[PDB]
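> Could you have a look at this structure, given as structure tokens, before my questions?
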Amino acid sequence: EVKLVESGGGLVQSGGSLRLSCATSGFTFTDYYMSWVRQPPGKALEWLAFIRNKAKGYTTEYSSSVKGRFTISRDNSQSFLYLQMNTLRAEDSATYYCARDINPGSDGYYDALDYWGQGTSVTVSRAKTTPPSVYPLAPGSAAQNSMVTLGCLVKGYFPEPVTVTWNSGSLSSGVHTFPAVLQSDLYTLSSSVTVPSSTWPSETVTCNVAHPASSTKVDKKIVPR
Amino acid sequence: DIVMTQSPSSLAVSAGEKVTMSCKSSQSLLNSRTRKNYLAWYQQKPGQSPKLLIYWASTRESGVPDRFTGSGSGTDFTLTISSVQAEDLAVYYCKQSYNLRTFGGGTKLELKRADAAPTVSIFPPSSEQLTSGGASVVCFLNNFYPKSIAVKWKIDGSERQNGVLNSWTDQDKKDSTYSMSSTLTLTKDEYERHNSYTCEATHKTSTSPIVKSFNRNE
Ligand SMILES: O=C(O)[C@@]1(O)C[C@@H](O)[C@@H](O)[C@@H]([C@H](O)CO)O1
Ligand SMILES: [Mg+2]
Ligand SMILES: [Mg+2]
Ligand SMILES: [Mg+2]
Ligand SMILES: [Zn+2]
């Protein structure tokens, strides 16, 4: 199994620096070019840089948008890819992906980015890291039966992202997690879950919330009331 | 500069129907040495990383359903989906790799389905929030179609406009419906001045607003 895992994203002030990393396994690292691609929220993918394989002497290339400011590098001993980012600007806010690029020396050579990481998010801003408040959404009244909808409100955090799961991911069907909305330098998001009436409140339903930038971990049980 | 452009920016197609989308390069991507077009297509579903569908313009990546076909050469390329499935909802990007790499701006594919009325739920502020002096009222509008919808908040019968924040999910990959959340935020002091809180949903599936409410007193 080819595995690529980005790390290092977070909140950085304008003008500041940040180095992203990408851990790889499951293939011969030095055989492959590696690329970084980013995607600002709601916008197109943008290729930024690559570093060639061993046969090519690990040389580098960059898009004009980042040349002179970013440096791509690799550690071949542990199979890591890096992106050093300097002189950051708001327009650099985005999810950053690492992707396995070509091996031109292989007889099976095809020219594509065939494997991609889950991506790591970067926010370039002067605003303050703020952890979320997490509130339960329980019904005040309901008809005599059937399905019941609950939720969690994840209010007042910065920067993106948060993760929300329900019963540690074991409730996945019937979940809606709404995209966060920014108002006054703080984000708010909500998540709803819909389960059969016969299972709640008789069985527990809990939302699990994480806010990486503040290392927040919250479990909130939804109690009738 | 190799400039990549795609068309349409967005469209909607019913399940089972054919979809065609286009990609142009500002220069030919045909390597006369290799005889290959350095053009690839990527699929990005809501909240997922990009996935490789097609490379060399027409070679399907292993694992990709054969309803996906890439074609074209030179500066003009096409991705065709026969019998679109609900799971195919995504943004599709083409990308040249003739000279470094450059992505097009993407085509957003949505799915057309039968109209569906929203299921609407209203939630009062939690005791934990009120303890801290704030009061958020939340209304979920789930599983509706088309996307176009209006929510009105009424407090004690009158409309309240400021303090409202709205958010729509992407289309669902299974049932091709949409959902929306509306949150009205007040101070606890303002919340306690009034009794009736009402979320009113206006959707084409009915001529009367769907109305859900609760009373603070009760
Ligand atoms: O820059 C390169 O090393 C590379 O091999 C990348 C390939 O994707 C392709 O662009 C190739 C050119 O076709 C070489 O002319 O250059
Ligand atoms: Mg393959
Ligand atoms: Mg749904
Ligand atoms: Mg008032
Ligand atoms: Zn070079």
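We name chains A, B, ... following the order of the structure tokens; residues begin at 1 in each chain, and ligands are numbered from 1 as shown.
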Neighbouring residues of residue 178 of chain B were defined as those with any atom within 10 Å, considering only C-alpha atoms; residues of the same chain fewer than 3 positions away were excluded. Please report them as a compact mmCIF listing (two decimals) with C-alpha atoms, in the first residue's frame.


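Output saved as around_15.txt:
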```txt
# COMPACT_ATOMS: atom_id res chain seq x y z
CA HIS A 176 -24.49 16.01 7.85
CA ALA B 116 -37.52 16.67 -2.54
CA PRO B 118 -36.66 19.35 3.36
CA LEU B 141 -33.02 21.65 6.74
CA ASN B 142 -32.05 18.20 5.53
CA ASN B 143 -32.29 16.21 2.31
CA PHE B 144 -33.95 18.58 -0.13
CA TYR B 145 -33.79 19.31 -3.86
CA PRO B 146 -33.27 21.60 -5.69
CA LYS B 147 -30.63 23.57 -3.73
CA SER B 148 -32.60 26.82 -3.83
CA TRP B 168 -25.10 24.51 2.68
CA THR B 169 -23.56 21.10 2.29
CA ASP B 170 -22.36 19.88 -1.10
CA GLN B 171 -24.74 17.51 -2.82
CA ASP B 172 -25.01 14.06 -1.21
CA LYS B 173 -23.14 11.32 -3.12
CA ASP B 175 -29.27 10.53 -2.69
```

> From a DSSP calculation on the backbone, collect every residue of chain B in strand (DSSP E) and output the set as an mmCIF file with N, CA and C atoms, in the first residue's frame.


```cif
data_model
loop_
_atom_site.group_PDB
_atom_site.id
_atom_site.type_symbol
_atom_site.label_atom_id
_atom_site.label_comp_id
_atom_site.auth_asym_id
_atom_site.auth_seq_id
_atom_site.Cartn_x
_atom_site.Cartn_y
_atom_site.Cartn_z
ATOM 1 N N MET B 4 -4.181 26.486 -19.093
ATOM 2 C CA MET B 4 -5.209 25.442 -19.227
ATOM 3 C C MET B 4 -6.587 25.985 -18.876
ATOM 4 N N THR B 5 -7.573 25.700 -19.715
ATOM 5 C CA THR B 5 -8.924 26.191 -19.485
ATOM 6 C C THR B 5 -9.913 25.035 -19.644
ATOM 7 N N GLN B 6 -10.990 25.057 -18.868
ATOM 8 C CA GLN B 6 -11.995 23.998 -18.948
ATOM 9 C C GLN B 6 -13.385 24.559 -19.120
ATOM 10 N N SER B 7 -14.289 23.731 -19.644
ATOM 11 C CA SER B 7 -15.658 24.140 -19.948
ATOM 12 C C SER B 7 -16.503 22.894 -19.851
ATOM 13 N N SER B 10 -19.693 24.588 -14.717
ATOM 14 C CA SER B 10 -20.545 23.690 -13.962
ATOM 15 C C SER B 10 -21.695 23.222 -14.835
ATOM 16 N N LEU B 11 -22.248 22.067 -14.473
ATOM 17 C CA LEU B 11 -23.474 21.588 -15.102
ATOM 18 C C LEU B 11 -24.105 20.522 -14.204
ATOM 19 N N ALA B 12 -25.360 20.188 -14.501
ATOM 20 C CA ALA B 12 -26.073 19.139 -13.780
ATOM 21 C C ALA B 12 -26.691 18.138 -14.759
ATOM 22 N N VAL B 13 -26.567 16.861 -14.444
ATOM 23 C CA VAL B 13 -27.036 15.812 -15.348
ATOM 24 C C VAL B 13 -27.800 14.780 -14.527
ATOM 25 N N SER B 14 -28.832 14.171 -15.106
ATOM 26 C CA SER B 14 -29.601 13.161 -14.377
ATOM 27 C C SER B 14 -28.849 11.839 -14.384
ATOM 28 N N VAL B 19 -22.396 12.613 -19.902
ATOM 29 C CA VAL B 19 -21.764 13.896 -19.583
ATOM 30 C C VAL B 19 -20.508 14.131 -20.433
ATOM 31 N N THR B 20 -20.393 15.320 -21.008
ATOM 32 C CA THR B 20 -19.200 15.685 -21.756
ATOM 33 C C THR B 20 -18.564 16.965 -21.181
ATOM 34 N N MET B 21 -17.250 16.936 -20.947
ATOM 35 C CA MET B 21 -16.581 18.154 -20.502
ATOM 36 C C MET B 21 -15.247 18.355 -21.198
ATOM 37 N N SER B 22 -14.855 19.618 -21.342
ATOM 38 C CA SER B 22 -13.792 19.982 -22.247
ATOM 39 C C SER B 22 -12.618 20.666 -21.549
ATOM 40 N N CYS B 23 -11.448 20.534 -22.154
ATOM 41 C CA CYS B 23 -10.202 21.101 -21.625
ATOM 42 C C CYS B 23 -9.328 21.553 -22.805
ATOM 43 N N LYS B 24 -8.852 22.787 -22.749
ATOM 44 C CA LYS B 24 -7.993 23.320 -23.806
ATOM 45 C C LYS B 24 -6.646 23.696 -23.216
ATOM 46 N N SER B 25 -5.574 23.454 -23.958
ATOM 47 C CA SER B 25 -4.251 23.920 -23.584
ATOM 48 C C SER B 25 -3.834 25.048 -24.535
ATOM 49 N N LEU B 30 1.254 17.393 -27.274
ATOM 50 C CA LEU B 30 1.660 16.165 -27.948
ATOM 51 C C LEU B 30 3.173 16.100 -28.099
ATOM 52 N N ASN B 31 3.804 15.152 -27.413
ATOM 53 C CA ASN B 31 5.247 14.987 -27.515
ATOM 54 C C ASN B 31 5.573 14.164 -28.767
ATOM 55 N N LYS B 36 2.870 10.754 -27.280
ATOM 56 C CA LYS B 36 1.844 10.827 -26.240
ATOM 57 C C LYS B 36 1.439 12.264 -25.952
ATOM 58 N N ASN B 37 0.173 12.449 -25.593
ATOM 59 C CA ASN B 37 -0.311 13.717 -25.089
ATOM 60 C C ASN B 37 -0.150 13.756 -23.570
ATOM 61 N N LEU B 39 -1.528 14.834 -20.947
ATOM 62 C CA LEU B 39 -2.765 15.414 -20.398
ATOM 63 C C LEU B 39 -3.448 14.377 -19.524
ATOM 64 N N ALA B 40 -3.794 14.771 -18.296
ATOM 65 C CA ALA B 40 -4.429 13.859 -17.339
ATOM 66 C C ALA B 40 -5.675 14.492 -16.767
ATOM 67 N N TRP B 41 -6.603 13.644 -16.342
ATOM 68 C CA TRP B 41 -7.833 14.068 -15.688
ATOM 69 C C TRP B 41 -7.847 13.572 -14.245
ATOM 70 N N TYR B 42 -8.302 14.434 -13.329
ATOM 71 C CA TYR B 42 -8.411 14.106 -11.909
ATOM 72 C C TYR B 42 -9.828 14.381 -11.433
ATOM 73 N N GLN B 43 -10.312 13.539 -10.516
ATOM 74 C CA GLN B 43 -11.646 13.659 -9.942
ATOM 75 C C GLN B 43 -11.489 14.031 -8.495
ATOM 76 N N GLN B 44 -12.187 15.084 -8.064
ATOM 77 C CA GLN B 44 -12.170 15.440 -6.652
ATOM 78 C C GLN B 44 -13.594 15.493 -6.108
ATOM 79 N N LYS B 51 -8.198 12.362 -7.201
ATOM 80 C CA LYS B 51 -7.924 10.989 -7.608
ATOM 81 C C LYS B 51 -7.665 10.953 -9.107
ATOM 82 N N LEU B 52 -6.614 10.251 -9.497
ATOM 83 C CA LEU B 52 -6.285 10.109 -10.906
ATOM 84 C C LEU B 52 -7.293 9.226 -11.623
ATOM 85 N N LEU B 53 -7.904 9.773 -12.672
ATOM 86 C CA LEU B 53 -8.781 9.022 -13.569
ATOM 87 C C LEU B 53 -8.122 8.592 -14.887
ATOM 88 N N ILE B 54 -7.493 9.545 -15.572
ATOM 89 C CA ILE B 54 -7.016 9.331 -16.936
ATOM 90 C C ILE B 54 -5.637 9.941 -17.105
ATOM 91 N N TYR B 55 -4.758 9.252 -17.814
ATOM 92 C CA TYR B 55 -3.520 9.902 -18.219
ATOM 93 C C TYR B 55 -3.188 9.600 -19.682
ATOM 94 N N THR B 59 -5.678 6.988 -21.588
ATOM 95 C CA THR B 59 -5.461 5.775 -20.812
ATOM 96 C C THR B 59 -6.112 5.872 -19.444
ATOM 97 N N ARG B 60 -7.047 4.970 -19.193
ATOM 98 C CA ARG B 60 -7.723 4.930 -17.927
ATOM 99 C C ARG B 60 -6.831 4.317 -16.875
ATOM 100 N N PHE B 68 -15.850 6.091 -17.777
ATOM 101 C CA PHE B 68 -14.999 7.282 -17.924
ATOM 102 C C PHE B 68 -14.091 7.101 -19.133
ATOM 103 N N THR B 69 -14.180 8.021 -20.089
ATOM 104 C CA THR B 69 -13.369 7.930 -21.288
ATOM 105 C C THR B 69 -12.722 9.270 -21.575
ATOM 106 N N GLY B 70 -11.410 9.269 -21.748
ATOM 107 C CA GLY B 70 -10.720 10.482 -22.159
ATOM 108 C C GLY B 70 -10.417 10.380 -23.636
ATOM 109 N N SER B 71 -10.454 11.508 -24.323
ATOM 110 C CA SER B 71 -10.156 11.524 -25.752
ATOM 111 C C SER B 71 -9.606 12.881 -26.100
ATOM 112 N N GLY B 72 -9.211 13.067 -27.358
ATOM 113 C CA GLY B 72 -8.623 14.326 -27.778
ATOM 114 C C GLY B 72 -7.128 14.258 -27.985
ATOM 115 N N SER B 73 -6.581 15.318 -28.573
ATOM 116 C CA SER B 73 -5.172 15.391 -28.856
ATOM 117 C C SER B 73 -4.774 16.831 -29.103
ATOM 118 N N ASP B 76 -6.789 20.157 -27.520
ATOM 119 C CA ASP B 76 -8.215 19.960 -27.184
ATOM 120 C C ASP B 76 -8.540 18.568 -26.668
ATOM 121 N N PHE B 77 -9.133 18.500 -25.478
ATOM 122 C CA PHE B 77 -9.344 17.216 -24.808
ATOM 123 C C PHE B 77 -10.726 17.131 -24.203
ATOM 124 N N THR B 78 -11.229 15.905 -24.053
ATOM 125 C CA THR B 78 -12.594 15.705 -23.571
ATOM 126 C C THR B 78 -12.623 14.572 -22.594
ATOM 127 N N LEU B 79 -13.387 14.736 -21.525
ATOM 128 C CA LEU B 79 -13.667 13.648 -20.598
ATOM 129 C C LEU B 79 -15.150 13.369 -20.769
ATOM 130 N N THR B 80 -15.483 12.113 -21.011
ATOM 131 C CA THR B 80 -16.864 11.752 -21.253
ATOM 132 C C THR B 80 -17.258 10.749 -20.169
ATOM 133 N N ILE B 81 -18.422 10.950 -19.580
ATOM 134 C CA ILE B 81 -18.969 9.942 -18.687
ATOM 135 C C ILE B 81 -20.253 9.450 -19.311
ATOM 136 N N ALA B 90 -18.707 15.586 -8.455
ATOM 137 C CA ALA B 90 -17.326 15.940 -8.135
ATOM 138 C C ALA B 90 -16.892 17.125 -8.979
ATOM 139 N N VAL B 91 -15.698 17.630 -8.686
ATOM 140 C CA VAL B 91 -15.050 18.559 -9.594
ATOM 141 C C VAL B 91 -13.988 17.775 -10.338
ATOM 142 N N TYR B 92 -13.945 17.966 -11.659
ATOM 143 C CA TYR B 92 -13.009 17.294 -12.549
ATOM 144 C C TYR B 92 -12.021 18.307 -13.077
ATOM 145 N N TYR B 93 -10.750 17.969 -12.937
ATOM 146 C CA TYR B 93 -9.662 18.825 -13.365
ATOM 147 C C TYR B 93 -8.901 18.123 -14.486
ATOM 148 N N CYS B 94 -8.530 18.860 -15.527
ATOM 149 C CA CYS B 94 -7.474 18.359 -16.426
ATOM 150 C C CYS B 94 -6.159 19.003 -16.025
ATOM 151 N N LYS B 95 -5.050 18.425 -16.488
ATOM 152 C CA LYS B 95 -3.731 18.907 -16.061
ATOM 153 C C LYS B 95 -2.698 18.567 -17.117
ATOM 154 N N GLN B 96 -1.909 19.546 -17.543
ATOM 155 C CA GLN B 96 -0.840 19.268 -18.498
ATOM 156 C C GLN B 96 0.442 18.966 -17.722
ATOM 157 N N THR B 102 0.426 22.046 -14.838
ATOM 158 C CA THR B 102 -0.541 23.136 -14.691
ATOM 159 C C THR B 102 -1.959 22.546 -14.719
ATOM 160 N N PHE B 103 -2.773 22.869 -13.715
ATOM 161 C CA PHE B 103 -4.173 22.446 -13.692
ATOM 162 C C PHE B 103 -5.130 23.452 -14.363
ATOM 163 N N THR B 107 -14.261 21.550 -13.697
ATOM 164 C CA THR B 107 -15.665 21.557 -14.083
ATOM 165 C C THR B 107 -16.383 20.915 -12.918
ATOM 166 N N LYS B 108 -17.385 21.603 -12.395
ATOM 167 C CA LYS B 108 -18.142 21.038 -11.292
ATOM 168 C C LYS B 108 -19.329 20.266 -11.861
ATOM 169 N N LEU B 109 -19.391 18.960 -11.590
ATOM 170 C CA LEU B 109 -20.509 18.130 -12.045
ATOM 171 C C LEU B 109 -21.473 17.907 -10.888
ATOM 172 N N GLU B 110 -22.708 18.366 -11.060
ATOM 173 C CA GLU B 110 -23.766 18.031 -10.107
ATOM 174 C C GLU B 110 -24.804 17.129 -10.734
ATOM 175 N N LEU B 111 -25.624 16.549 -9.875
ATOM 176 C CA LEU B 111 -26.607 15.577 -10.322
ATOM 177 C C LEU B 111 -28.031 16.115 -10.171
ATOM 178 N N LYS B 112 -28.806 15.957 -11.229
ATOM 179 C CA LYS B 112 -30.204 16.360 -11.255
ATOM 180 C C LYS B 112 -31.025 15.157 -10.738
ATOM 181 N N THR B 119 -36.593 18.075 5.404
ATOM 182 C CA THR B 119 -36.955 17.760 6.772
ATOM 183 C C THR B 119 -36.328 18.837 7.656
ATOM 184 N N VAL B 120 -37.169 19.542 8.407
ATOM 185 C CA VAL B 120 -36.748 20.706 9.183
ATOM 186 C C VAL B 120 -36.875 20.430 10.686
ATOM 187 N N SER B 121 -35.814 20.768 11.407
ATOM 188 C CA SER B 121 -35.687 20.578 12.852
ATOM 189 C C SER B 121 -35.135 21.861 13.478
ATOM 190 N N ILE B 122 -35.725 22.284 14.589
ATOM 191 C CA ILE B 122 -35.254 23.457 15.325
ATOM 192 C C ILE B 122 -34.758 23.049 16.721
ATOM 193 N N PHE B 123 -33.711 23.723 17.189
ATOM 194 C CA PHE B 123 -33.056 23.390 18.450
ATOM 195 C C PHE B 123 -32.836 24.636 19.271
ATOM 196 N N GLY B 134 -24.546 33.569 26.046
ATOM 197 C CA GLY B 134 -24.897 33.569 24.638
ATOM 198 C C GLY B 134 -26.079 32.645 24.393
ATOM 199 N N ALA B 135 -26.765 32.814 23.265
ATOM 200 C CA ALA B 135 -27.883 31.913 22.945
ATOM 201 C C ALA B 135 -28.007 31.704 21.437
ATOM 202 N N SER B 136 -27.623 30.520 20.967
ATOM 203 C CA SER B 136 -27.735 30.205 19.555
ATOM 204 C C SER B 136 -28.918 29.286 19.323
ATOM 205 N N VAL B 137 -29.779 29.674 18.380
ATOM 206 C CA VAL B 137 -30.877 28.833 17.925
ATOM 207 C C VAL B 137 -30.545 28.258 16.558
ATOM 208 N N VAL B 138 -30.728 26.951 16.404
ATOM 209 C CA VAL B 138 -30.267 26.265 15.207
ATOM 210 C C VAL B 138 -31.414 25.598 14.478
ATOM 211 N N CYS B 139 -31.416 25.736 13.154
ATOM 212 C CA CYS B 139 -32.408 25.059 12.343
ATOM 213 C C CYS B 139 -31.700 24.232 11.263
ATOM 214 N N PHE B 140 -31.957 22.926 11.223
ATOM 215 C CA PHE B 140 -31.421 22.048 10.180
ATOM 216 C C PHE B 140 -32.497 21.860 9.110
ATOM 217 N N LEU B 141 -32.107 21.960 7.842
ATOM 218 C CA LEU B 141 -33.017 21.649 6.741
ATOM 219 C C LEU B 141 -32.334 20.573 5.926
ATOM 220 N N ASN B 142 -32.800 19.336 6.047
ATOM 221 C CA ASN B 142 -32.046 18.205 5.526
ATOM 222 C C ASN B 142 -32.718 17.538 4.326
ATOM 223 N N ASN B 143 -31.892 17.134 3.368
ATOM 224 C CA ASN B 143 -32.285 16.211 2.310
ATOM 225 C C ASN B 143 -33.305 16.796 1.371
ATOM 226 N N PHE B 144 -33.018 17.967 0.809
ATOM 227 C CA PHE B 144 -33.947 18.581 -0.128
ATOM 228 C C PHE B 144 -33.345 18.780 -1.528
ATOM 229 N N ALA B 150 -35.137 29.182 1.055
ATOM 230 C CA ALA B 150 -35.097 30.393 1.884
ATOM 231 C C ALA B 150 -35.497 30.088 3.340
ATOM 232 N N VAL B 151 -34.767 30.650 4.290
ATOM 233 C CA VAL B 151 -35.108 30.460 5.704
ATOM 234 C C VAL B 151 -35.385 31.834 6.302
ATOM 235 N N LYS B 152 -36.494 31.951 7.031
ATOM 236 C CA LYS B 152 -36.843 33.166 7.758
ATOM 237 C C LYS B 152 -36.913 32.804 9.218
ATOM 238 N N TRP B 153 -36.279 33.607 10.054
ATOM 239 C CA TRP B 153 -36.424 33.441 11.494
ATOM 240 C C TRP B 153 -37.436 34.439 11.998
ATOM 241 N N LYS B 154 -38.352 33.973 12.832
ATOM 242 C CA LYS B 154 -39.278 34.871 13.497
ATOM 243 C C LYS B 154 -39.204 34.673 15.006
ATOM 244 N N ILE B 155 -39.141 35.782 15.723
ATOM 245 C CA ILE B 155 -39.118 35.777 17.175
ATOM 246 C C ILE B 155 -40.395 36.493 17.627
ATOM 247 N N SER B 158 -42.341 38.274 14.714
ATOM 248 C CA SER B 158 -41.683 39.241 13.836
ATOM 249 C C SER B 158 -40.368 38.698 13.286
ATOM 250 N N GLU B 159 -39.968 39.181 12.116
ATOM 251 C CA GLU B 159 -38.778 38.668 11.449
ATOM 252 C C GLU B 159 -37.491 39.254 12.013
ATOM 253 N N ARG B 160 -36.476 38.399 12.128
ATOM 254 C CA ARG B 160 -35.177 38.762 12.690
ATOM 255 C C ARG B 160 -34.127 38.425 11.638
ATOM 256 N N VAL B 164 -27.887 36.032 11.928
ATOM 257 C CA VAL B 164 -28.084 34.777 11.216
ATOM 258 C C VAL B 164 -26.915 34.348 10.350
ATOM 259 N N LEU B 165 -26.553 33.074 10.453
ATOM 260 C CA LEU B 165 -25.483 32.525 9.623
ATOM 261 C C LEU B 165 -25.969 31.222 8.998
ATOM 262 N N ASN B 166 -25.783 31.095 7.681
ATOM 263 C CA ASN B 166 -26.294 29.966 6.907
ATOM 264 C C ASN B 166 -25.178 29.199 6.224
ATOM 265 N N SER B 167 -25.371 27.896 6.059
ATOM 266 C CA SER B 167 -24.353 27.051 5.441
ATOM 267 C C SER B 167 -25.012 25.881 4.705
ATOM 268 N N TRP B 168 -24.564 25.604 3.481
ATOM 269 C CA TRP B 168 -25.105 24.513 2.676
ATOM 270 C C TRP B 168 -24.070 23.441 2.514
ATOM 271 N N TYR B 178 -29.506 18.047 -1.091
ATOM 272 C CA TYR B 178 -28.720 19.029 -0.384
ATOM 273 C C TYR B 178 -29.230 19.184 1.056
ATOM 274 N N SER B 179 -28.440 19.838 1.896
ATOM 275 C CA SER B 179 -28.896 20.196 3.240
ATOM 276 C C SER B 179 -28.374 21.577 3.568
ATOM 277 N N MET B 180 -28.983 22.218 4.562
ATOM 278 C CA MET B 180 -28.566 23.540 4.992
ATOM 279 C C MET B 180 -28.787 23.687 6.493
ATOM 280 N N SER B 181 -27.941 24.486 7.125
ATOM 281 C CA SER B 181 -28.069 24.786 8.547
ATOM 282 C C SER B 181 -28.198 26.283 8.649
ATOM 283 N N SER B 182 -29.072 26.744 9.534
ATOM 284 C CA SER B 182 -29.234 28.171 9.775
ATOM 285 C C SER B 182 -29.112 28.356 11.271
ATOM 286 N N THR B 183 -28.270 29.292 11.691
ATOM 287 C CA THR B 183 -28.034 29.538 13.106
ATOM 288 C C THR B 183 -28.236 31.007 13.445
ATOM 289 N N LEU B 184 -29.131 31.278 14.390
ATOM 290 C CA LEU B 184 -29.418 32.642 14.829
ATOM 291 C C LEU B 184 -28.754 32.852 16.189
ATOM 292 N N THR B 185 -27.896 33.854 16.329
ATOM 293 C CA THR B 185 -27.224 34.005 17.615
ATOM 294 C C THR B 185 -27.595 35.314 18.304
ATOM 295 N N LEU B 186 -27.953 35.187 19.568
ATOM 296 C CA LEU B 186 -28.407 36.315 20.380
ATOM 297 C C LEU B 186 -27.635 36.337 21.689
ATOM 298 N N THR B 187 -27.725 37.440 22.423
ATOM 299 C CA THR B 187 -27.233 37.415 23.781
ATOM 300 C C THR B 187 -28.278 36.675 24.610
ATOM 301 N N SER B 196 -41.552 32.970 21.643
ATOM 302 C CA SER B 196 -41.662 32.099 20.475
ATOM 303 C C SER B 196 -40.474 32.284 19.518
ATOM 304 N N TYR B 197 -39.815 31.174 19.184
ATOM 305 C CA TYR B 197 -38.755 31.152 18.165
ATOM 306 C C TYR B 197 -39.124 30.218 17.032
ATOM 307 N N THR B 198 -39.005 30.723 15.816
ATOM 308 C CA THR B 198 -39.585 30.076 14.663
ATOM 309 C C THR B 198 -38.626 30.064 13.482
ATOM 310 N N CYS B 199 -38.454 28.888 12.897
ATOM 311 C CA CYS B 199 -37.632 28.718 11.702
ATOM 312 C C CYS B 199 -38.626 28.443 10.597
ATOM 313 N N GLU B 200 -38.663 29.285 9.564
ATOM 314 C CA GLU B 200 -39.598 29.114 8.449
ATOM 315 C C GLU B 200 -38.884 28.824 7.128
ATOM 316 N N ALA B 201 -39.167 27.675 6.518
ATOM 317 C CA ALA B 201 -38.465 27.287 5.291
ATOM 318 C C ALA B 201 -39.368 27.400 4.061
ATOM 319 N N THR B 202 -38.914 28.177 3.076
ATOM 320 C CA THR B 202 -39.601 28.387 1.798
ATOM 321 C C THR B 202 -38.861 27.595 0.712
ATOM 322 N N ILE B 210 -42.561 25.644 5.504
ATOM 323 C CA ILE B 210 -42.461 24.643 6.560
ATOM 324 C C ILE B 210 -41.996 25.377 7.811
ATOM 325 N N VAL B 211 -42.738 25.215 8.895
ATOM 326 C CA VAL B 211 -42.551 26.032 10.082
ATOM 327 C C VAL B 211 -42.284 25.134 11.278
ATOM 328 N N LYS B 212 -41.161 25.366 11.943
ATOM 329 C CA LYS B 212 -40.850 24.640 13.166
ATOM 330 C C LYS B 212 -40.559 25.666 14.231
ATOM 331 N N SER B 213 -41.081 25.458 15.435
ATOM 332 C CA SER B 213 -40.874 26.451 16.468
ATOM 333 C C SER B 213 -40.802 25.842 17.864
ATOM 334 N N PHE B 214 -40.392 26.662 18.826
ATOM 335 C CA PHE B 214 -40.484 26.295 20.229
ATOM 336 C C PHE B 214 -40.719 27.574 21.018
ATOM 337 N N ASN B 215 -41.221 27.422 22.241
ATOM 338 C CA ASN B 215 -41.440 28.533 23.143
ATOM 339 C C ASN B 215 -40.392 28.461 24.238
#
```

> Set the cut-off to 10 Å and count only C-alpha atoms: what are the residues of chain A that reach chain B? Output as a ChimeraX atom specification.

/A:35,37,43-50,61-64,95,97,99,110-119,133-142,148-153,155,174,176-183,188-192,194,225

> Please provide as JSON, numbers by chain all residues within 10 Å of segment 7-13 of chain A, with the sequence filter that same-chain residues fewer than 2 positions apart are discarded (counting only C-alpha atoms).

{"A": [5, 15, 16, 17, 18, 19, 20, 21, 22, 23, 82, 83, 87, 88, 89, 90, 93, 94, 95, 96, 97, 117, 118, 119, 120, 121, 122, 123, 124, 125, 126, 127, 128, 129, 158, 159, 160, 161, 212, 213, 214]}

> Atoms to include: C-alpha atoms. Write the selected residues as a short mmCIF file (atom, residue, chain, number, x, y, z; two decimals), in the first residue's frame.


```cif
data_model
loop_
_atom_site.label_atom_id
_atom_site.label_comp_id
_atom_site.auth_asym_id
_atom_site.auth_seq_id
_atom_site.Cartn_x
_atom_site.Cartn_y
_atom_site.Cartn_z
CA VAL A 5 0.73 11.73 4.92
CA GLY A 15 5.33 37.49 6.46
CA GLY A 16 6.11 34.35 8.46
CA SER A 17 7.52 30.88 7.65
CA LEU A 18 6.23 27.32 7.87
CA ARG A 19 7.67 24.00 6.78
CA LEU A 20 5.34 21.23 5.71
CA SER A 21 6.33 17.58 5.66
CA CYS A 22 5.03 14.48 3.90
CA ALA A 23 5.83 10.98 5.18
CA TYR A 82 9.39 18.81 2.61
CA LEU A 83 8.09 22.18 1.58
CA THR A 87 7.32 35.25 3.26
CA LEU A 88 3.79 33.89 3.49
CA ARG A 89 0.74 35.85 2.38
CA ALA A 90 -3.03 35.45 2.74
CA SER A 93 -3.87 29.98 2.67
CA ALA A 94 -4.92 26.57 1.35
CA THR A 95 -4.86 22.80 1.79
CA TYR A 96 -1.39 21.53 0.74
CA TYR A 97 -1.17 18.04 -0.82
CA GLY A 117 -2.13 12.57 0.63
CA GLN A 118 -5.13 13.67 2.71
CA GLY A 119 -3.62 17.15 2.71
CA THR A 120 -2.68 19.56 5.48
CA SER A 121 -4.34 22.96 5.98
CA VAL A 122 -2.50 26.31 6.22
CA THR A 123 -4.01 29.63 7.25
CA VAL A 124 -2.04 32.85 6.86
CA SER A 125 -3.57 35.43 9.18
CA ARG A 126 -2.90 37.79 12.09
CA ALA A 127 -6.03 36.62 13.93
CA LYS A 128 -5.71 34.70 17.17
CA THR A 129 -5.97 30.93 17.63
CA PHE A 158 -9.98 29.94 14.57
CA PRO A 159 -8.39 28.84 12.31
CA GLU A 160 -9.89 26.03 10.28
CA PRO A 161 -10.19 23.07 10.42
CA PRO A 212 -5.87 20.77 15.88
CA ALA A 213 -4.63 24.36 16.14
CA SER A 214 -5.58 24.51 19.83
#
```

> Env of residue 30 of chain A: 6 Å cut, atoms = only C-alpha atoms, seq-sep filter 2 positions within chain, self excluded. Answer as a count of residues only.

4

> Would you mind reading off the distance between atom CA of residue 205 of chain A and atom CA of residue 166 of chain A, one decimal, in Å?

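That distance, rounded to one decimal, is 7.0 Å.
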
> List as a list in words the protein and nucleic acid residues near residue 211 of chain A, meaning an atom at most 7 Å away when only C-alpha atoms are counted, but skip any in the same chain fewer than 6 places from it.

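My reading of the contact set: residues 131, 161, 162, 163 and 217 of chain A.
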
> Grab the residues selected above and save them as a compact mmCIF listing (two decimals), in the first residue's frame with C-alpha atoms.


```txt
# COMPACT_ATOMS: atom_id res chain seq x y z
CA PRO A 131 -10.64 26.99 20.51
CA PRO A 161 -10.19 23.07 10.42
CA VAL A 162 -12.09 21.01 12.96
CA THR A 163 -13.06 17.36 12.65
CA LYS A 217 -10.46 17.33 21.99
```
